[PDB]
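Beneath this line is the structure, given in structure tokens, with notes to follow.
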Amino acid sequence: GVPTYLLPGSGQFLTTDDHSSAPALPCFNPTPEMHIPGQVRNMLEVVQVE
Amino acid sequence: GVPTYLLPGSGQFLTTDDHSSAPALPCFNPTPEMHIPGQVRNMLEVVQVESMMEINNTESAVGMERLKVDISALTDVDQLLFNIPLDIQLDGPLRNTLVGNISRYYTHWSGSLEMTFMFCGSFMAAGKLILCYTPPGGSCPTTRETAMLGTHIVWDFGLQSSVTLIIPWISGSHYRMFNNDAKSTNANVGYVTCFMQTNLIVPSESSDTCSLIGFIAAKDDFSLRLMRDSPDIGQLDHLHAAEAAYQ
Amino acid sequence: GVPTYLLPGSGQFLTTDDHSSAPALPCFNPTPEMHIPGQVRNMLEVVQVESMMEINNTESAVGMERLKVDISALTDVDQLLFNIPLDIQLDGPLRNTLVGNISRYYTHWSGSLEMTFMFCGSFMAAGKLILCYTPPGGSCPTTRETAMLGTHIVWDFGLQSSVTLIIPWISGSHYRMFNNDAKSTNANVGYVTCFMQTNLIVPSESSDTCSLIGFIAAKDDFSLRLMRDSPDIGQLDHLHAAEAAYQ
Amino acid sequence: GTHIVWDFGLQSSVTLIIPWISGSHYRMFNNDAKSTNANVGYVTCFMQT
Amino acid sequence: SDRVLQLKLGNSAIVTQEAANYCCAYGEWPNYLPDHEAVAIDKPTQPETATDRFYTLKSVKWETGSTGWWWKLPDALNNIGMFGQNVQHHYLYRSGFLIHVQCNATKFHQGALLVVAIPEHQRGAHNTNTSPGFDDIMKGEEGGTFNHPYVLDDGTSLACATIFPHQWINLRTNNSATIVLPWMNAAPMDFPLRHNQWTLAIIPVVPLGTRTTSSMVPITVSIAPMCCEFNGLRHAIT
Amino acid sequence: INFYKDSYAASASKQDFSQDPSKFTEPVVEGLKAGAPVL
Amino acid sequence: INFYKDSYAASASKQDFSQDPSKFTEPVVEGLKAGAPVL
Amino acid sequence: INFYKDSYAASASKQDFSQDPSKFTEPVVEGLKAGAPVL
Amino acid sequence: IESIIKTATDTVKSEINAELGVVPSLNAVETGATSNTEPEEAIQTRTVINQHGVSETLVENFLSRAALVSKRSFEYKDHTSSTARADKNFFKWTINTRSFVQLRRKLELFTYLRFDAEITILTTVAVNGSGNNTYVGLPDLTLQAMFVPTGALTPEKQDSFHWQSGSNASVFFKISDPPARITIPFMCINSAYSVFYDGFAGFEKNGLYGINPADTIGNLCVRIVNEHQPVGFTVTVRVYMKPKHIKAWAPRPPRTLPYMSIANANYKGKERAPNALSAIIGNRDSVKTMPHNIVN
Amino acid sequence: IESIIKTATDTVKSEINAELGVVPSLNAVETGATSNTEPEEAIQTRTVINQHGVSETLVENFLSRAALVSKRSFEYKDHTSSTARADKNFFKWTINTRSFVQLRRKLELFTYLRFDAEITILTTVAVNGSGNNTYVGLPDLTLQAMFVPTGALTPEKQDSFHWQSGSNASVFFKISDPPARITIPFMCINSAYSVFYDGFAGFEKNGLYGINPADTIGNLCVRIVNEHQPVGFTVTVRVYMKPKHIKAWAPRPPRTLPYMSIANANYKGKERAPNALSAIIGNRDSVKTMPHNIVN
């Protein structure tokens, strides 16, 4: 096997972390996307509205 | 060595996970594959096979009698014969079918259905029926003049003994959900009704009552999502001889 | 570092696992290899070597006497001499052979067997036997007219002192299983029987009783699966001087 | 033996072929009906349903 | 065109003028065992016309209270003619079948029979924990009758029995059904006396009815083994 | 990720999208043409 | 690092910098030229 | 996976399918031709 | 016809039809074929590009889910005065997929199955009641699970020499570890397991009906390696099986009546509908009664 | 002839033979050769394409399975009043593969063996009985296993300075950790271990018969590093060995009679058959009696 060692922070749950995680519903096919008006991609678009 | 850190979910056992695992029998050679008829690779192949509807799910109908609908000659015109509810989730005539049984393992469903009716009267028996699918929103039609406004097929008895009514997928949403609320706008499909179009007319020597057998199947536009434990089976205790496996 | 998560089975010790492990003696130089006769690389090479059958596994037969079958002159025709059961799993004449001993380390077996019989009478002794393999399904034949309907070889004593009866692999399934139910349809192989074809005829000065030695081996179409602990060895306590290893 | 199952219908007639099944090239029209050189067999009819 | 049919096997022939196509189970046709699937090494015997021919079983009477009938293969044919002899003299058997069910009536009669070939129809017993016995399962030529056809005598549903290869005999439409069955088994060959690959079931979903003068309405089954082969010759068991 | 030496140790195989429903829906010798009468 | 077979198992997608604030700030049929009177 | 520096640390070697059963089954100087008498 | 299907089929727009001699809505059920009537031929349709996937109904996805197959609780204690039938710090289980009804029904949807079995073993421990009236803690015990082929010699006691496992596959695992996991290959002597077996597995007439031992995966013998503590505990072992690399043949009508025994398909049914012997579907007042009618 | 064999051999169809001077079924056992009669020459065969693999009978797979070789239980406590023979928080074991009969018989199927040995050490702990009448918990002790070559100095006590292990290979492991594992190379002074040795390993006449110390892997000295607790425990250490990179020579008749000692091949046999000195196979009534005859 591969020799390894655990770093500090191993096992912690950070609410702002960004990792992949196990899919609970394998082979699930989400509903196809449909165009909806008024898409917002950055909150700075909202603050520009008076 | 490689520096590493454990993520949340490490060590958990998820029943739907998909990983390789240690072979307990190294160098084992499985029995060579041999062609066997009737291979199935997607459960949607099964739901496309039509199976008998239990339309006569009433008291005084015992066993096989629940699988046929008796029709007799009538002296009033445009009379209602029977109706079939919509939900392939709740208990009903569609529940114990191939499509219903397989679909109840899932939560979301989409696509068109087909209902095929076979007339099982005598050769000398003649008649015309009208079969109507009513999209949801209102009460189930009780008169022919109302039911005929929806989707319908007029069926004439003859050499071709069977007719097909297509229940097309007419839904606001991409999928309907197999929920317990039968009146929900995301579950209700409508109604099926059958009316006399003219009458059942038989000669004296023929049987005065003739039977119809109803079948239901899914078309190839049908699909299912969100697998779940089927409510059609369960246990409150260990089965007989299950303990003997430990002796 | 690398983000990781532990799978189920992490930390377990599986006796059949196959992994590298830390060398306790770094830079150790093993003794150079030297050619040694009789290298064996597959146990199937061993089972192809014929070994003596214990056909005479009866009371009043002690030790080496169990490894030979005595035949004498008879005054009735077509008489049965002996029979051999089929199972290379259960205890029997085939158990303490190379093929039997190696096969009992496994659970599934397939392929053809060969039984070779050597006549050990005097040169002046003459005779003909018939050796029959009966595929399973019925009772072991007790008469020549029934046994000869199965696979058989008619053996004439002569300069070539040994004959071979092939028990071909005749099975509904790819493998038979070494289970404890000898009458199971997945285990039973049939029977072997031996009958006088004419008679054992010897002169006055020759011995009136002559011995046969039976051998069994597997052919090169033979294979085994599902290794298991052999039932041929066991212990209920520590062996003598085992404690002295700790002193 | 050789047989045909006949279903009554629009085609009102059925044909059973008695094929030439004989040890010898010819049979002989002799007076012994049970002779091995004369007997041809039998024809029988049964209800199927 | 699709209503008339002649089946000719060996020295036997059957003609029907009121057929409704015919069913090939799972879209397959019977065939001999190929070398790349064979297990038994002895040269098999292939009797051809001696065994690949129609054998007609005893007819049964369609009554008002009839629950249905079933026959297990090859058990129903195991003592019939040269097929029975070859079965009795050999340890291993392999074949398909051609099943032809016949039932005629008048144009004043009504009734519907489901004719279904069930692979591995493992029967269950009713209201008991004891498994069905040998005599309950192996009925031979005479066959058996369904105790609870509504559940196919195994806790399943008759309504879903159409997933199996099947036809219908609807008396106003047709008077016969025809099903072609290939070899259906986990193993290339089998011991014919202890395992049944197929079970032919005839179930009156719509009961027989008429107001004309009553007559006996029989149902007749003719089964032709196809591509028969046998291995492991020995003395007869019988 | 499969470092085991036995192929049966591998993860599940969910990529076989081939179907043949006709072996259950239309197991008849004569194919039925759409629209035309069956019998 | 995503060894899962389902694409929705992947980590977050924070690379979509496209914006169109005019759909909220100027949702008018006639664009307003800078400097010129609106009405 | 073997990151150790000593070759004997490696996993098992199950790839040697070579056989020579004749060294045990036919260890005779004169080969026996099939069908012909041995002696 | 065989083809690769990844999504549900599309719909094409259709027009009025008034053609003589063409009746797509009429069918012949007697032939055994399912009706081929298309929505385009029954009603006027529009064009619909259907993007609905069909992957979740794949047989592999349908069956490759870890389902509980065995659950055994036994006392971990000094068993000097324990009865003969008690599990004395170990138990044996003949592997079968018929004890828990969900997986059993799913498997019995098919006649033949070929698959490898991923086995996951999960252990839990509790301090015994009716023994000491106190809690002290839970030990991190080591357990051994040994695979013994069907019919072979199984250990007779916790410290039996049979546990030496010279050739049998054994896995040693701790309670504190994640659940143990091993893959057992498809080990049938045939090319596929027989989910249903219409026959007798013996050459005599006294054999078990419907039970083919060739389809029995094997025997699992589970023991606690640790010698007993001065106090007693209750140890529960759960075994979950997940089929994978699955091939399936000849689908069957689903089970409707409740299961009665693991050894047969015997049926009794519920007292009344639903799933009664005389009535599978729940009753309604009449064939003209709409159970959940919308009334406004 | 030497060749690569991956599957069982195929069968070719054969016809009737009536040839003079050709008798393939006759053989001469006296030459010592195994019969070369083929099924094609004995009966009429068909063509069979045999796909059965032969990998599970490879010598490597046959022998490369972890088997128990040592099991030692000792008290972890204050040993001030302990007797001389007691293991005082440590033990020594002369490594041998003859104490547990399964691995011993498998190894003794061959005359010569060359392999490396993967060693796995598994530790379990229990609270002592007959000491305190209570359970408090199990400690996560640290153990040291030191490899001392055969005949070299071994530690005399738990806190002996010999445990400093300046050159001896030592492994330190916790009970809570997975079992310790190390690979010992093939360390024989010869090219292969002598499974059986028909000789005396000394230049005088008093040496041990059948015992070649060159085949003794070495000595394992196992101690608990932790000093003793106020209460006593029982610690059990199991050592499992798995051969790998195996070469084998000169297969031998398998052992039949039960083993008697680890130091020799002495035999007594069971009281009666099976595996008795006068009868290895169980008895039947006569040579004409079929033990499991099928009777219907």
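Side-chain atoms are counted along with the backbone in the values below, which use heavy atoms only and exclude waters and symmetry mates. So that the names make sense, note that chain A is the first sequence line, chain B the second, and so on, each numbered from 1.
J:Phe233 and J:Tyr76 have parallel rings, their planes meeting at less than 30° on a 0 to 90° scale where 60° marks the start of perpendicular. Using a 30° and 60° split on the angle between ring planes, J:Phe186 and J:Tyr193 fall in the perpendicular class, above 60°. Ring planes of I:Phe161 and C:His238: perpendicular class, angle over 60° (limits at 30 and 60°).
Put simply, CG on J:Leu68 and CZ on J:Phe100 are 4.0 Å apart, with the number rounded to the nearest 0.5 Å. Distance check: C:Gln247 CD to J:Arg85 CZ gives 5.0 Å after rounding to the nearest 0.5 Å. Between the CG atom of C:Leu25 and the CG atom of J:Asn168 there is a distance of 10.0 Å, given to the nearest 0.5 Å. To the nearest 0.5 Å, atom CZ of residue I:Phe173 and atom CG of residue I:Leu122 are 9.5 Å apart. A distance of 11.0 Å separates CG in J:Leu153 from CG in J:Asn219, rounded to the nearest 0.5 Å. Taken from CG in J:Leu220 to CD1 in J:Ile184, the straight-line distance is 7.0 Å, to the nearest 0.5 Å.
The 12-atom threshold is not exceeded at CG of C:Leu236, counting heavy atoms of other residues, nucleotides or ligands nearer than 6.0 Å. Counting non-hydrogen atoms of neighbouring residues, nucleotides and ligands closer than 6.0 angstrom, the CZ atom of F:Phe3 reaches no more than 12 such neighbours.
Remark: side-chain polar atoms of J:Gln102 are not paired, donor with acceptor, to backbone N or O of C:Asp229 under 3.5 angstrom. With hydrogens and angles disregarded, no donor-acceptor distance shorter than 3.5 Å links the side chain of J:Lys242 to the backbone of J:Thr120. A distance-only check finds no donor-acceptor pair linking the side chain of I:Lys88 to the backbone of I:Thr80 [under 3.5 Å]. Proximity of a side-chain donor or acceptor of I:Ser99 to a complementary backbone N or O of B:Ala242 within less than 3.5 Å is not detected. Counting only distance, with no hydrogens or angles, the side chain of I:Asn89 and the backbone of I:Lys77 share a donor-acceptor pair below 3.5 Å. Distance alone, capped at 3.5 Å, places no donor-acceptor pair between the I:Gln229 side chain and the J:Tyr135 backbone. Proximity of a side-chain donor or acceptor of I:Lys174 to a complementary backbone N or O of C:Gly11 within less than 3.5 Å is not detected. Counting only distance, with no hydrogens or angles, the side chain of C:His19 and the backbone of H:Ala10 share no donor-acceptor pair below 3.5 Å. Remark: side-chain polar atoms of B:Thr4 are not paired, donor with acceptor, to backbone N or O of C:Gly1 under 3.5 angstrom. The backbone N or O of H:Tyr4 lies less than 3.5 Å from no partner atom in the side chain of H:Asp6, so there is not a single donor-acceptor pair.
Sorted by first and then second residue, the salt bridge (charged side-chain N to carboxylate O under 4.0 Å, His left out) pairs involving residues 132-158 of chain J (not counting sequence neighbours) are J:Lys157-J:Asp159.
Contact between C:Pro23 and H:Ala9 at its shortest, heavy atoms only, is CD-CB, 3.8 Å. Scanning all heavy atoms of the two residues, the minimum distance from J:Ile182 to C:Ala24 falls at CD1-CB, 3.7 Å. Nearest heavy-atom pair, I:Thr234 versus I:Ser73, reported as atom, atom and distance to 0.1 Å: CG2-CB, 4.4 Å. Heavy atoms only, all atoms of each residue included: J:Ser261 and J:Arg104 are closest at O-NH1, 2.9 Å. Across J:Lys92 and C:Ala245, no two heavy atoms sit closer than the pair NZ-O, 3.4 Å. Nearest heavy atom pair, residue J:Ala214 against residue J:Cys188, reads O-SG, 3.5 Å.
Side-chain contact, C:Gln12 with I:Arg181: no donor N or O sits under 3.5 Å from an acceptor N or O. For the residue pair I:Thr134 / I:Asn132, no side-chain donor-acceptor distance below 3.5 Å is found, with atom types taken as modelled. Checked by atom type, the side-chain pair J:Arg223/J:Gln158 shows no donor-acceptor distance below 3.5 Å. Using a 3.5 Å distance cut-off with no hydrogens or angles, the side chains of C:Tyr246 and J:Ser70 do pair a donor with an acceptor.
Residues J:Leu138 and J:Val127 are in side-chain contact: their nearest non-hydrogen atoms beyond the backbone lie under 4.5 Å apart. In this structure the side chain of I:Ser170 never reaches within 4.5 angstrom of the side chain of I:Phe147, judged on heavy atoms. Annotation: side chain of I:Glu75 is not in contact with side chain of I:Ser82 (no heavy-atom distance under 4.5 Å). Side-chain contact check for I:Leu143 versus I:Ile175: some heavy-atom pair is nearer than 4.5 Å. Counting heavy atoms from C-beta on, the side chains of J:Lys106 and J:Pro243 never come closer than 4.5 Å. Under the 4.5 Å side-chain criterion, counting only non-hydrogen atoms from C-beta, I:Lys71 is in contact with I:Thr236. Residues C:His240 and J:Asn264 fail the side-chain proximity criterion, which asks for heavy atoms closer than 4.5 Å. A 4.5 Å side-chain heavy-atom check between I:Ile121 and I:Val237 finds at least one atom pair inside the cut-off.
Note on J:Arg65 versus J:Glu118: no salt bridge recorded, every NZ/NE/NH1/NH2 to OD/OE distance being 4.0 Å or above.
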Quiz item: Would B:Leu6 and A:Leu6 count as a side-chain contact (heavy atoms from CB on, under 4.5 Å) if you check the C-alpha gap in whole Å, the side-chain angles of each, and the deciding distance to 0.1 Å?
Solution: CA-CA 8 Å; B:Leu6 300 173; A:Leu6 300 173; 3.9 Å; yes
Exercise. Before giving the answer on side-chain contact (heavy atoms from CB on, under 4.5 Å), spell out for I:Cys221 and I:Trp163 the whole-Å C-alpha distance, their side-chain angles and the decisive distance to 0.1 Å.
Key: CA-CA 9 Å; I:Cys221 308; I:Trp163 296 106; 3.7 Å; yes
Exercise. Verify side-chain contact (heavy atoms from CB on, under 4.5 Å) between J:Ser165 and J:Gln144, making sure each step is shown before the conclusion.
Key: CA-CA 10 Å; J:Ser165 207; J:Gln144 172 186 12; 4.2 Å; yes
Exercise. Before giving the answer on side-chain contact (heavy atoms from CB on, under 4.5 Å), spell out for I:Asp177 and I:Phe172 the whole-Å C-alpha distance, their side-chain angles and the decisive distance to 0.1 Å.
Key: CA-CA 11 Å; I:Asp177 285 320; I:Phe172 296 83; over 6 Å; no
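Ring-centre distance between J:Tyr240 and C:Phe13: below the 6.0 Å cut-off.
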